[PDB]
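S.K.: Opening with a subset of the complex:
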Amino acid sequence: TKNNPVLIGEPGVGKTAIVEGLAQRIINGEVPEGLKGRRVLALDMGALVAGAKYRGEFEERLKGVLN
């Protein structure tokens, strides 16, 4: 538990690039075991915030991707 980390710093210090070179180490297979084959995807907003003018739409999008 507490599976999810936080990166804190200034911008440009390389936080997104730390995620990048991590994923590079994964596809190089230089990761420790268990994570070999596990996939990394980035979720954005903006595909999320599409046409939910009425209530319950966006919520059901997020619930669907949670399932």
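M.R.: Everything's here; your move. Numbers count the residues shown, from 1 in each chain, chains lettered A, B, ... in the order given.

S.K.: Can you report how many residues neighbour residue A:62?
M.R.: Residue A:62 has 10 neighbours, counted by other Cβ atoms under 10 Å. C-beta here means a position set from N, CA and C on the backbone, and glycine is covered the same way.

S.K.: Can you report phi and psi for it?
M.R.: Dihedral pair for residue A:62: phi -70, psi -40, per degrees, to the nearest 10.

S.K.: What's the local residue count around the closest residue to it other than its chain neighbours?
M.R.: Of all residues not flanking residue A:62 in the chain, residue A:48 sits nearest, at 7.1 Å (Cβ to Cβ, 6 or more residues apart in numbering). Applying other Cβ under 10 Å, we find 12 residues neighbouring residue A:48.

S.K.: Tell me the spacing between residue A:48 and residue A:41.
M.R.: Distance, residue A:48 to residue A:41, using Cβ to Cβ, to the nearest Å: 14 Å.

S.K.: and the residue nearest to residue A:62, what does it touch?
M.R.: By Cβ atoms under 8 Å, 6 or more residues apart in numbering, the residues touching residue A:48 are A:58, A:61, A:62.

S.K.: Could I get the full set of helices for chain A?
M.R.: Using DSSP state H, the helices found in chain A span residues A:15-27, A:57-66.

S.K.: among these, which is the most enclosed?
M.R.: The highest mean neighbour count among the helices of chain A, using mean count of other Cβ atoms under 10 Å, belongs to helix A:15-27: a mean of 12.

S.K.: ok, and what's touching that one?
M.R.: A:7, A:9, A:31, A:35, A:38, A:40, A:42.

S.K.: Could you rerun that using 7 Å?
M.R.: Here helix A:15-27 makes contact (Cβ atoms under 7 Å, 6 or more residues apart in numbering) with A:7, A:9, A:31, A:35, A:40.

S.K.: which one is the second one nearest to, not counting chain neighbours?
M.R.: Right, residue A:9. residue A:15 (6.2 Å).

S.K.: Extend the structure above with chain B:
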Amino acid sequence: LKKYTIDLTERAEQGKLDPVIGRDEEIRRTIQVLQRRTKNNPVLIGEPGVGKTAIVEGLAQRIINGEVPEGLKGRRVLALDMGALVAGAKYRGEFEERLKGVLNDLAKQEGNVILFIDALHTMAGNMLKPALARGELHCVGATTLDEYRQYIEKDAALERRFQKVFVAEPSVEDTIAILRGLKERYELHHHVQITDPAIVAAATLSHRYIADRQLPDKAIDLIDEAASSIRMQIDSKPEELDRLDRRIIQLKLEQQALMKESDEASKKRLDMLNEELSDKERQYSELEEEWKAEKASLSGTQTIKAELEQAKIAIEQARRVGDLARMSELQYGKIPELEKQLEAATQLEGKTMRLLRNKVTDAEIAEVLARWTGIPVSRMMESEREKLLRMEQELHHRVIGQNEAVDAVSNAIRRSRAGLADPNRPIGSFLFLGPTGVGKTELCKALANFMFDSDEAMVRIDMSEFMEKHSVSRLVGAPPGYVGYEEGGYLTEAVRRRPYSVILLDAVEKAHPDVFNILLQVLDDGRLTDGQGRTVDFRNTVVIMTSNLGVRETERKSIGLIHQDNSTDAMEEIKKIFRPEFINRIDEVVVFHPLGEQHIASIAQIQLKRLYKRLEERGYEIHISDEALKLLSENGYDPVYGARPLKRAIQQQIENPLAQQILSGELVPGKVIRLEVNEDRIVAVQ
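M.R.: Placed with the earlier chains, chain B looks like this:
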């Protein structure tokens, strides 16, 4: 129906949930709310991570154990899904159709299911306040104190309907009992061993230092991190394996370049590389095979741990069915054999475990806590031993003389890393008095480059900014509702980012007496609140005050002023505001002293070096005579003014003609300059 049906009783019943430990009175209180007929609906009040959801779950564990009283037997608990409620409400009213259908099978379920709702702020409600007001439903709430503020306080209808449950933050030894409860779960899922001083030290250090989060959950995540980490070091490839893997793979790429011959009679002389190849295949293959056998050993002990838990699952189901054959079988049955070959396996891991480690202990917790804040325990011996033993040497690289102060600060750091400090105190609080001449903040930067390896992290603050009333609104932040409130003061911000640092204070005569007394809340107790609403720790952070109360008078009163008398006329300005709470609650009152002339020679030859860096920037070198350096010695000296005419006497005497001859294009790179003295003004010569 089933879209909103979420039972916990089956989740404890399938063993998916975790034990609760030592919680009686609040569960008692909750049952006592449950038997009410109106306003029969409890709300959990507690801090984050104090364990509210766990209290509900372990209550359901007491249900499925049948330990609950006879009013509660047969009853069920459904946690609510707000996220399914919001899912699908296309047009107006379909939501309340779902909600009234929930109200109707609540009706025909007839007091059988006690409802649980977490995230109480999310909850509509207009059709709930009547069913509340009768008590026709029986629901359980759980929420936070500030959701209690912003949320329920504004509705008078809810506060008639609900009850407060003060889930207090549990104590240390209590938490140790909890970790004795959960240590089987994390030893199973994390495949390793856990000793008990790891647990006790986890409660002690976690409660001591990390002041942002709460018990128990911080120490829980500590154990999750350490056990995950040792599982990583097991599952990763070991260090003889990977260092020898680098050496063999360099020998395979070098072998790949050496078997490829340009002249076979010349390049295939390589016999030495290939016998070293077979040698490192022997060493690599043997440590490889030992690593394989040890991994097989840990596989076997993980199988016996797993089937042990299988026996625990079957004996708990045997408590349900009451099978006298299964209960007597598993009491007297597998687990005596599992204990025999288990303990024989752990002794066998007494023998075979050379390369890897399994049993997580205190030093691992020290490294983990270091990888949050920055202070280890065990590691500092091996690397840090060297600059610890050479600390006074190291400060005598950049800072000459005043060996009293060097010994003072070095003793303070030794008390810090040693474990000698009072925990309710900061580490170091030093005042620097007497004359100057000496580089007091230069010594501070020597510490900044010492432990933090740069002068950046040493946060410096002037006091001569801070003579005003409004100065406090600079450094600590603003009161509520006003300009500058949600931004805070950068002192509490910087300490609250990186906890354990070195704070520089300067020229302290010019400050304000409140800042002196805010500072009195610093030196006492090492903590300080802000305007924003919380406190900030200081108790492993050194404050340093360079001041001038001495050099305001000592370079004037150079005859007869002693350390006690300097404390007296120090206590002219000092004695009013600074009291024996202040003056006793500073650590050491370091006085300084004027300079020897050989010291000034040392400072001069220090100042040469960065000028030689300026020369290696451009490809040059200065030679000097001893006698021209002696001229800089006899020019730089001033008794009142200390060594300090040195550098400007230097670059004013020598760098101006140097800049003329360089900017002329006269002086060619690749050459050597000697400081000759064509006459008593020093001249630089190619």
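
S.K.: and the contacts of helix A:15-27, now that chain B is part of it?
M.R.: A:7, A:9, A:31, A:35, A:40 (Cβ atoms under 7 Å, 6 or more residues apart in numbering or on different chains).

S.K.: go on, stretch A:59-66?
M.R.: For stretch A:59-66, contacts defined as Cβ under 7 Å, 6+ apart pick out A:48, B:83, B:86, B:87, B:88.

S.K.: And the contacts of helix A:15-27, which two are furthest apart?
M.R.: A:9 and A:35 (24.1 Å; Cβ to Cβ).

S.K.: Looking only at neighbour counts, state which of those two leads.
M.R.: Applying other Cβ atoms under 10 Å in any protein chain shown to residue A:9 and residue A:35 shows that residue A:35 carries more neighbours, namely 13 against 9.

S.K.: residues contacting the more buried one?
M.R.: Going by Cβ under 7 Å, 6+ apart, residue A:35 touches residue A:26.

S.K.: gap between it and chain B?
M.R.: Going from residue A:35 to chain B by Cβ to the nearest Cβ, to the nearest Å gives 10 Å.

S.K.: How about residue A:20?
M.R.: Distance from residue A:20 to chain B, counting by Cβ to the nearest Cβ: 22 Å.

S.K.: Ok, residue A:37 next?
M.R.: From residue A:37 to chain B the distance is 15 Å (Cβ to the nearest Cβ).

S.K.: just residue A:52 next, same as before
M.R.: Computed as Cβ to the nearest Cβ, the residue A:52 to chain B distance reads 11 Å.

S.K.: now residue A:53
M.R.: Residue A:53 sits 12 Å away from chain B, going by Cβ to the nearest Cβ.

S.K.: residues near residue A:14, how many?
M.R.: 13.

S.K.: One more: residue A:49?
M.R.: By other Cβ under 10 Å, 10 other residues sit near residue A:49.

S.K.: and if you look at the one 3 residues further on?
M.R.: The number of residues packed near residue A:52 is 13, by other Cβ under 10 Å.

S.K.: Return the residues in contact with the residue minimising distance to the centre of chain A.
M.R.: The residue lying closest to the centre of chain A (Cα atoms, centre = their mean) is residue A:42, at 3.6 Å. Residues near residue A:42 by Cβ under 7 Å, 6+ apart: none.

S.K.: include chain C as well:
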Amino acid sequence: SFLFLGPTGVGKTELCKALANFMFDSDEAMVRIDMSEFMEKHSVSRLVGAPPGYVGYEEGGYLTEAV
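M.R.: Chain C now in position relative to the chains above:
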């Protein structure tokens, strides 16, 4: 409701933690408030809370929430 006047090194804060350690069995349950921060006008808005329409009006001061 007490006033303690007297010297230094007398154990005033020790007396306070002695009492809090007596009843409430800790020195953390004791609520500590400086008065030497509070030389300005704004301090009543600090320990009490802000007037309406504002941010600390939504939070509230220390002593109010604590008691």
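
S.K.: and the contacts of residue A:35, now that chain C is part of it?
M.R.: For residue A:35, the contact set (Cβ under 7 Å, 6+ apart) comprises residue A:26.

S.K.: repeat that with 10 Å
M.R.: When contacts are counted by Cβ atoms under 10 Å, 6 or more residues apart in numbering or on different chains, residue A:35 touches A:22, A:25, A:26, A:29.

S.K.: in chain A, what residue sits furthest out from the centroid?
M.R.: Here chain A reaches farthest from its C-alpha mean at residue A:54, the gap being 27.1 Å by Cα atoms, centre = their mean.

S.K.: Grab the nearest non-local neighbour of it.
M.R.: Of all residues not flanking residue A:54 in the chain, residue B:90 sits nearest, at 7.0 Å (Cβ to Cβ, 6 or more residues apart in numbering or on different chains).

S.K.: Stretch A:21-32 spans what distance, first to last residue?
M.R.: Terminal residues of stretch A:21-32 are spaced 15 Å apart (Cα to Cα, to the nearest Å).

S.K.: Run a quick neighbour tally on residue A:30.
M.R.: For residue A:30, the count of nearby residues is 9 (other Cβ under 10 Å).

S.K.: distance of it from chain C?
M.R.: For residue A:30, the distance to chain C (Cβ to the nearest Cβ) stands at 47 Å.

S.K.: cool, and residue A:67?
M.R.: The spacing between residue A:67 and chain C, counted by Cβ to the nearest Cβ, is 36 Å.

S.K.: Pull the contacting residues for the residue farthest from the centre of chain A.
M.R.: B:89, B:90, B:91, B:92.

S.K.: Tell me how far stretch A:41-50 lies from the chain's centre.
M.R.: The chain centre lies 10 Å from the centre of stretch A:41-50; the measure is Cα atoms, centre = their mean, to the nearest Å.

S.K.: gap between the two ends of that stretch?
M.R.: Length of stretch A:41-50, first residue to last, Cα to Cα: 20 Å.

S.K.: Okay, buried residues for that stretch please.
M.R.: For stretch A:41-50, the buried set under the neighbour-count rule, 16 or more other Cβ atoms under 10 Å in any protein chain shown, is empty.
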